[PDB]
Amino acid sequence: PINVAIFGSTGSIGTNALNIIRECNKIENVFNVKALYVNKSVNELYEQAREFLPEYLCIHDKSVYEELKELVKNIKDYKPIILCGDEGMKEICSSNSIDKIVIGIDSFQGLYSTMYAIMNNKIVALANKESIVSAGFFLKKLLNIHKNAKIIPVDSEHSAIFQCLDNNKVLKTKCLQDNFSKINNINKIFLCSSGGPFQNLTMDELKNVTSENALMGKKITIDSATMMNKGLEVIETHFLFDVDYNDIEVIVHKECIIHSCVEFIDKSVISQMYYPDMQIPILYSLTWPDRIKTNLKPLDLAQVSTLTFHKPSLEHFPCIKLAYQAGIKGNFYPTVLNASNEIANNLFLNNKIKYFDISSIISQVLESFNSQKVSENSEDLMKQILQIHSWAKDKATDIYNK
């Protein structure tokens, strides 16, 4: 029996997590939903608490803490432990009745729950790429201290990579550890991309696209359009699997059947395939190193018929190159990249800047950043990341305001 807590349960990731748990429990009682955690969606959480009856309920916004208490009681025969804010978050992570934690909180924010889950030596099913990109060094340091804690990737491409690996080798190491690619005999990674909605547009057409043309969460949807998502996923790949940037190739695969591929040192390539869906990577992160039966629609390769692959144009998608450059430079440049992107993404979402202004703002912030001495100790490293994150957001806003 696998005891699970879902963080950000009303979100895209959270809903899909409960969907696959529900379906798999119809076949065999494998999962127990022990805790649910949201921001302010009280009504949606009440509805989820009805079906799964978790031991713990938690909401971040304390102002809606009373509303949740009233909605619970009429559910007969249930008394849950209702908690709030960061302290409730911490109590869930320290519980001995929980083995695996799904982090479905979006943006840089998700880092707090990730660290507490690691500190308590839990399996962390991490969908939040932002925390890996801004705080890869910090997570690596933390996973070194808390030796039983593990991050299992949920982002579809990184889940595919992880599925392609030999668990006989994976068990000798873990994600976000030095030497991961050497132990797993990894030579090269093909990181597949849908290409997003703007893939077939000219430079002239690109220069006038809007948020409407681009519009998953609204944030990841814009990132998909600029191919900044794939840029962030390159850095994510580097941290999770210890693969060199010169060994990661972005490939546009518009059918989204092959989710990513791993080239091993003998040059044999292994890839994971399925329909575009998040239930598989969520499930695997919870069943690893085993697999369990599902009633999901089987892949029909004859029906799919055709799979295509081509290189992305770096001229049309300058965000990709910026992410490689920030990754290669190392230090806190990926933190800066992520923070400046958050601002520029939102400005484009609200029709304040143009498409090529996104990469332009990000480039200027990166140029203005100077490498910093990396703090030796974990608490000081975390504060450093927060300050540099904050600085880069402010810098990006300032470039916009001039």
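Counting begins at 1, following the sequence as shown.
Chemist: Using the PDB record, quantify the missing residues of the deposited sequence between residue 215 and residue 216 as none, 1 to 3, 4 to 9, or 10 or more.
Modeler: Some 4 to 9 residues are missing between them.
Chemist: Between 365 to 373 and 333 to 341, point out the one with the higher average CA B-factor as the PDB entry records it.
Modeler: The recorded data point to 365 to 373.
Chemist: Do the C-alpha atoms of 354 to 362 or of 35 to 43 have the higher average B factor in the entry?
Modeler: Per the PDB record, 35 to 43.
Chemist: Looking at 140, 129, 73, 291, which has the biggest Cα B factor in the entry?
Modeler: Max CA B-factor in the entry, restricted to 140, 129, 73, 291: 73.
Chemist: Highest recorded C-alpha temperature factor, please, choosing from 264, 78, 245, 241.
Modeler: Checking the PDB record, the top C-alpha B-factor among 264, 78, 245, 241 is at 78.
Chemist: Would you please rank residue 382 by its C-alpha temperature factor against the other modelled residues of its chain and give the third it falls in: lowest, middle or highest?
Modeler: Answer is lowest: the recorded C-alpha B-factor places it there.
Chemist: Which third, lowest, middle or highest, does the CA B-factor of residue 231 fall in along this chain?
Modeler: As the PDB entry reports it, the C-alpha B-factor of residue 231 lands in the lowest third of its chain.
Chemist: Could you place residue 219 in the lowest, middle or highest third of its chain by Cα temperature factor, using the values in the record?
Modeler: For residue 219, the deposited C-alpha B-factor lands in the highest third.
Chemist: Hey, what third does residue 204 fall into on Cα B-factor, ranked over its chain?
Modeler: Tercile = highest for this residue's CA B-factor.
Chemist: When the deposited Cα B-factors of this chain's modelled residues are ordered and cut into thirds, is residue 298 in the lowest, the middle or the highest one?
Modeler: Its C-alpha B-factor, which the entry lists for residue 298, ranks in the middle third among residues of this chain.
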